[PDB]
Structures are given as C-alpha cells and as structure tokens.
Protein chains: 2
Amino acid sequence: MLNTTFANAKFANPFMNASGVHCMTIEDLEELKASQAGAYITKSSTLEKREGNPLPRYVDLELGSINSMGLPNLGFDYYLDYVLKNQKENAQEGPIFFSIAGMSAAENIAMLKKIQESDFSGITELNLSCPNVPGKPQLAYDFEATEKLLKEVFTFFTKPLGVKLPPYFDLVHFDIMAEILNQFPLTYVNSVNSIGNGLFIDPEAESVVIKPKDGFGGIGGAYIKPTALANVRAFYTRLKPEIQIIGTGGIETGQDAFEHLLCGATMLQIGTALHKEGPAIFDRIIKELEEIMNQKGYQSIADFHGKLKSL
Amino acid sequence: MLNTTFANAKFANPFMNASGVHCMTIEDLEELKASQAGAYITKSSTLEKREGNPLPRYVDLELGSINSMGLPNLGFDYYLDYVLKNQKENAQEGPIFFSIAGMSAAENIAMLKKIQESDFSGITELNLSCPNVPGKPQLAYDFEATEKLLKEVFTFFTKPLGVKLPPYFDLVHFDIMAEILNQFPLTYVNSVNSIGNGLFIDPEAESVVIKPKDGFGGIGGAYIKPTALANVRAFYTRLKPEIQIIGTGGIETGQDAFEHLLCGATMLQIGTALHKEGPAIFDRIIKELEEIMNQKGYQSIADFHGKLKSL
Ligand SMILES: Cc1cc2nc3c(=O)[nH]c(=O)nc-3n(C[C@H](O)[C@H](O)[C@H](O)COP(=O)(O)O)c2cc1C
Ligand SMILES: Cc1cc2nc3c(=O)[nH]c(=O)nc-3n(C[C@H](O)[C@H](O)[C@H](O)COP(=O)(O)O)c2cc1C
Ligand SMILES: O=C(O)c1cc(O)cc(O)c1
Ligand SMILES: [Mg+2]
Ligand SMILES: [Mg+2]
C-alpha cells in the first residue's frame, strides 16, 4: 500500500527518521535498518568529531520537544565509511541518506567533494538550517548566501542532493526560495527543521530547561505541525516537479502522516516522536496510515498524494 | 498585587485583550472596559472600513487557533471618535490603546498624523506584522523598510508609540531589530503577532479549514507560546530599558502569564483564549496569577519581573 518512488529509487514506505534522531552511531543506524522504516538518514556531520553543547540539551515536552544539541556527531569519515560498507552488502531496499552540516561554506564544499569523489551511490542532505550552533545564523534565512553556496555546489556535485530547510512564515519568502531552488538540478527539499530559538520554562524553578544559549532551543513536535504542513504545501505548489519534498514536523500518528502526504510530501521524517518511542514507531504509524487508507478505499499513496482541497 | 506601571501610566493589572480579539465594535470595547482587564486595545484599523476576507476565516483548534481575518474593521475615524469621547469621561484607570495597521507606509503615516493632531492622550500601537492581507508581506521582516518607516514616523510623532512585531526565529534577527528599534524614543515592543502562514487540515474532508489564501493562516494559542516567550525574553535582554515590552502569545492560565512576566513582559495580551472564553477570562486568570504569587510569597510583580534563571 505504501510503496513509494523517490529520487528514482524504490522504498517500501515513505517513513524515515529525521536527521539527529536515533542516527548518531552505527548501532543506532542498524536499529533503523532493522525497523520498518522505509529509509533512514545519518546524523548531520561535520569534518571533525564534535562533543556538542553542555547538558541538559534536550527535554521532552507535553506538546513536543526542545533542544540545543550543538551538532554532536562522530565526524564525516565515520559516517562515510559506514555508508560505503553498507551499500556493498545490498542488504536493504533503497539507498541510505547522508546528512552534512558544515560550520562554514568551505566545510560543506569540502564534504560534498569527498562524497562526489567516493563511490557513495545513495542520497545526500545538505542541512542549511542548523539553529543550535552559537555564531552560525541559519544560512537558509540568508537568500544571497544560500544562492551563492548552491551555485558553487552544482559546478561539481552530480549526485542526488536535497536541502534541509528551516521553516518560513511569509509567502514572499517561499517565492524567493523557490526561484533560487528551481534553477538547480536538486533532488529534493526537506521541510522543516525545528522552529528555531523557542523557549520553555519550568515555572516552579523559575528557570529555563536547557543549559546552552540561555535555554533557547529548536522546537519540535505537535507545536510545529501547522508550520511544517504549510511549508511542505507552499513548496509543493512552487517547486518544479523535478524537485520532490520530504515532509518533516509534528509527525506522530498516521493522520499526521496522511496530512503531510496530502500537502505533497513524498517521504516523511519523524524526529521527536521517534526520540520518545524508539524505532517501534515505524510499525505503529505504518499500520495507522494503512487503516486510514483502508477506510477511505485507497490502495496507494498516489490516490491522495498532493490532493489537499482548498475551500 | 498586580498593580503595574507601563508607559508612565498606572494600571490595576497587566492583562489586556490582544488586538483583533473582542475589540471590533464599541460594544465589544465597552465589554472590555467592564471586565477586569487592566487595559484594552482597539482592533487594528485602516483608513477605510474593511469587510475583511471571505468566511470561514477563523477556526478554534485543540492547540489554539488559525485565522486569516483580513483586517476587518470599522475604519480609523470610528475608533478615533470612540476613544476621544471615552477619555473625556475619566471612567477608567489607565489609557486606552489604539492599534493601526495601514495597508501601506503612506497610510500608516496619514493615520499617525491624524492621531498626533488630535487630542488623543492614550497609547498607539503600530502593527508592523499583519500576516493575513493578500499581496502584502509582514513589514517587520523587511529590516530596511521597517527602519525607513520608523525614521519618518519619529520626525513628527511625539505621543506614546509601540510596535506589534511578528515572531523572529534567529538570534541575529533579534540583534538587527534591537539596533533598529533602540535608536528611537519608542514606548514599547509587543511580541508576538501570530505565527504566520501555518496550515490546518481536516483529514476526513481532506481539506483546509479556512477559505482565504488556500487555508494558510496566522497561528495562535498553545502552539506558539515557546516562540512568544523567546521573543519576549530576547528583546528584554537587548532593548534599552526605556522601551518596555508587552507579551502576547499562548496566554491562557496564570502560569502562562507568570512565564511571560518572568521573561520581562510588563503588560500581557490575550488573544485566542479570550476569543474562546470571553471577557470573564480576565477574572479567572488574575486569580490564577495571584494564587501562584501567594504560593511563592510574592506580593508584587517586581518580585519576579524579568528574573528568568538560566542554567
Ligand atoms: C534531538 C534533535 C537533534 C536534531 N538534529 C538534527 C540534525 O542533526 N540535522 C538536521 O537536519 N535536523 C536535526 N533535527 C531536526 C529534525 O531533523 C526535525 O527537522 C525536527 O525535529 C522536526 O521534526 P519533529 O517535529 O518530528 O521533531 C534534530 C531534532 C532534534 C529533536
Ligand atoms: C481573530 C484574530 C484577529 C487578530 N487580529 C489582530 C489585529 O487586528 N492586529 C494585531 O496586531 N493582532 C491581531 N491578532 C493577533 C493577536 O493580537 C495575537 O498577537 C495572537 O493571536 C497571538 O496571541 P494568542 O496566542 O493569545 O492568540 C489577531 C488574532 C486573532 C486570533
Ligand atoms: O487579519 C487580521 O485582522 C489579523 C491581523 C494581525 O495583525 C494578526 C492576525 O492573526 C490577524
Ligand atoms: Mg528495515
Ligand atoms: Mg474594567
């Protein structure tokens, strides 16, 4: 029922983890391989291993989560070697995804060059939206710098590339970004990264709940679904059909999944809910989506993909 | 206990309606005068009467609300005549607030000139953030256009003036806005307006729930409190102390109010929760805040105003 075609590859279902969640180590990644997730993605990496921010840096909230992780990761070479060894095994339906989040333009170009030069045959996600690193202002909110970076990347990177974007809140912003992105042979857009720089407060202790950045953190979960869906939808009606969409934000039930697919997402990523529940989420949410499809008499995602009705 | 000083005026308590909610007509306004609200503000006005967007344009949600009202209002002259008559009566503790949201810069300047020339002795709120007018961006996301408008305004406007701002999501945006705003004799900043251009979907009808703008609308309520607190707090630590703060977003309980005051808000505005509950909300929330204060042994808002603790 959930069979999906994306970036010219076949996946059993559209569900994945969101980058940063359950994908730090090889052991995390193999747990995702073993789960019912249709695909999976690595933790965003930098050239060097990073410890990340001081703890506490992630807190579960009734309506989602807050975090300032600071891009803790085991480094580019570790993920690159894991994905190379795993594509030789031919042990999964569909390629692995590989996230990079360089602390500078030059660092992104350097990682993209190592990926190009390698035998890596899966998909790359360039994170232009990391909101938890104190001194890098979300690059995808800087339309000039975003265009300049992408022009350089496409003079050499021929492999499948998507960009993870932060949320936009203004229709003109969607128009500007779509005109930038539509000029490139991009494989996809992934909307959205966390709602940036929110605050959660413990009113008894009169205090913030994370240590870094005076408690300011990326917000995820049910808080953000309205923004997430809007971002997926707004890009769906503006992007050239060659650029497909991964929908991320607020997905916990099959009904949430259903709503993202109705907006025009082809793959779906689960952050906060996967953090809380672990990889058994995939089996649950697949079954919820299938039941919604069965009640409606739908046998494939194409029956409703992108078919959100206006009034 | 809740006695508050703001813009050199005394109010019995910090609570207000948010503009747009329960303030369209004289009758609405008089209902707010009659309630326990410490103060009240008019519906954002334009030079001409406006019908607003087609219906449905406001929907209650479990986690807040979505709307694309389109600035329906009875016109500038109606609100100006109402407030002029009202200040003559000396029938309330503290001045009325008067919101304007011109469809252009020239319209805002024309209204501010009429206010300046009038005997209006209360407080004006310039809305630089309406996210529901078709074809018209949020001006306060345009830092050059915001600065240029405010420089013109302060060559003539000497009466108390605040600006209603949309939410920002990037620390560098806070710094840029604070350097702009700190160069002016502003009375206040009101953070935040709705989270712009979110989407809500009815999964059974496979449809959006508001008619204008293909269902895209300003998000309010519990969804936005983390953003709203963050914006209140980020401006508190960056604005020169002559510019005070009104906190708006996600206030429904005394605990939500307490959280805003802890961040540094002096007045508090209630939108979505007042829309659902009516003006009886003010009595309830005042009592909830006082009980929180009593449990903590606090006798005045200055015992915790702005005292949010970092880790
Ligand atoms: C623990 C934490 C770490 C994250 N790290 C990354 C990151 O490495 N790179 C990235 O692109 N997104 C990162 N994300 C953002 C998620 O990929 C996702 O966009 C966001 O959490 C919203 O989805 P959700 O509502 O299901 O949580 C992280 C999210 C969280 C919760
Ligand atoms: C029905 C509706 C109409 C609104 N109209 C205005 C408006 O005229 N001017 C304005 O500055 N804000 C307007 N707002 C935004 C609110 O003032 C407020 O900033 C927003 O609702 C967030 O607060 P809340 O979370 O308590 O709803 C409106 C909100 C709603 C719900
Ligand atoms: O369309 C309006 O009247 C309206 C105006 C605002 O400034 C915010 C909002 O959420 C709605
Ligand atoms: Mg599997
Ligand atoms: Mg009263």
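Chain letters run A, B, ... following the sequence lines, proteins first, then strands; residues in each count from 1. Counting starts at 1 for both ligands and their atoms, following the listed order. Worth knowing before you read on, the calculation uses all heavy atoms, side chains too, and leaves out hydrogens, waters and symmetry mates.
With respect to atom 22 (C) of ligand 2, the closest heavy atom belonging to the protein is B:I224 CD1, 3.8 Å. Looking at atom 18 (C) of ligand 2, its nearest protein heavy atom turns out to be B:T248 CG2, 3.7 Å. Counting protein heavy atoms only, atom 11 (O) of ligand 2 is closest to B:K164 NZ, 2.9 Å. With hydrogens left out, the protein atom closest to atom 28 (C) of ligand 2 is B:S19 O, 3.5 Å, a heavy atom. For atom 31 (C) of ligand 2, the closest non-hydrogen atom of the protein is B:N67 ND2, 3.8 Å. Atom 19 (O) of ligand 2 has as its closest protein heavy atom B:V192 O, 2.8 Å. Protein heavy atom in closest approach to atom 20 (C) of ligand 2: B:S194 OG, 3.9 Å. Considering only non-hydrogen protein atoms, atom 26 (O) of ligand 2 sits nearest to B:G271 N, 2.9 Å.
Residues forming a salt bridge (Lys or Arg N to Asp or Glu O under 4.0 Å) with B:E147 (at least two apart in sequence, or on another chain): B:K151. The salt bridge (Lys or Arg N to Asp or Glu O under 4.0 Å) check on A:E277 picks up A:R284, with sequence neighbours excluded. With sequence neighbours excluded, the residues satisfying side-chain hydrogen bond (donor to acceptor under 3.5 Å, both in side chains) with B:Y188 are B:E125.
Heavy-atom minimum distance, A:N231 versus A:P167: OD1-CA, 3.4 Å.
Remark: the backbone N or O of B:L139 is paired with a side-chain donor or acceptor of B:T146 at under 3.5 angstrom. A donor-acceptor contact shorter than 3.5 Å is absent between the side chain of A:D283 and the backbone of A:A280.
Residue contacts with ligand 2 for B:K43 involve side-chain atoms from C-beta outward but no N, CA, C or O (heavy atoms, distance under 4.0 Å). Under 4.0 angstrom from ligand 2, there are no non-hydrogen atoms of B:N190. When heavy-atom distances to ligand 2 are checked against a 4.0 Å cut-off, B:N193 comes that close through both its backbone and its side chain. Contacts between B:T272 and ligand 2 below 4.0 angstrom, taking non-hydrogen atoms only, involve backbone and side chain alike.
On a distance-only criterion, B:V21 and ligand 2 share no N/O pair closer than 3.5 Å. The shortest N or O to N or O distance between B:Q269 and ligand 2 is not under 3.5 Å.
Near B:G250, meaning under 4.0 Å from one of its heavy atoms, ligand 2 places the atoms 24 (P), 25 (O), 26 (O). Taking every heavy atom of B:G249 and a limit of under 4.0 angstrom, the matching atoms of ligand 2 come to 23 (O), 25 (O).
The shortest heavy-atom distance from B:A101 to ligand 2 is not under 4.0 Å. The closest approach between B:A273 and ligand 2 stays at or above 4.0 Å for every heavy atom of the residue. The closest approach between a heavy atom of B:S99 and any atom of ligand 2 is not below 4.0 Å.
Remark: the B:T253 side chain and the B:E288 side chain contain no N/O donor-acceptor pair separated by less than 3.5 Å. Between the side chains of B:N53 and B:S68, at least one donor-acceptor pair of N or O atoms lies under 3.5 Å. Side-chain contact, B:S45 with B:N73: no donor N or O sits under 3.5 Å from an acceptor N or O. Side chain to side chain, B:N127 and B:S19 fail the donor-acceptor criterion of an N or O pair below 3.5 Å. Between the side chains of B:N3 and B:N13, no donor N or O sits under 3.5 Å from an acceptor N or O. With hydrogens and angles left out, the side-chain atoms of B:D77 and B:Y79 include no donor and acceptor closer than 3.5 Å.
In the displayed structure, A:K276 atom NZ is contacted under 6.0 Å by more than 12 heavy atoms of other residues, nucleotides or ligands.
Taking CE of B:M111 as the start and OG1 of B:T124 as the end, the distance is 10.5 Å to the nearest 0.5 Å.
In this structure, B:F97 and B:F11 have tilted ring planes: the angle between them lies in the 30° to 60° band.
Below the 2.8 Å limit, the Mg ion (ligand 5) has as protein N, O or S neighbours B:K33 O, B:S35 O.
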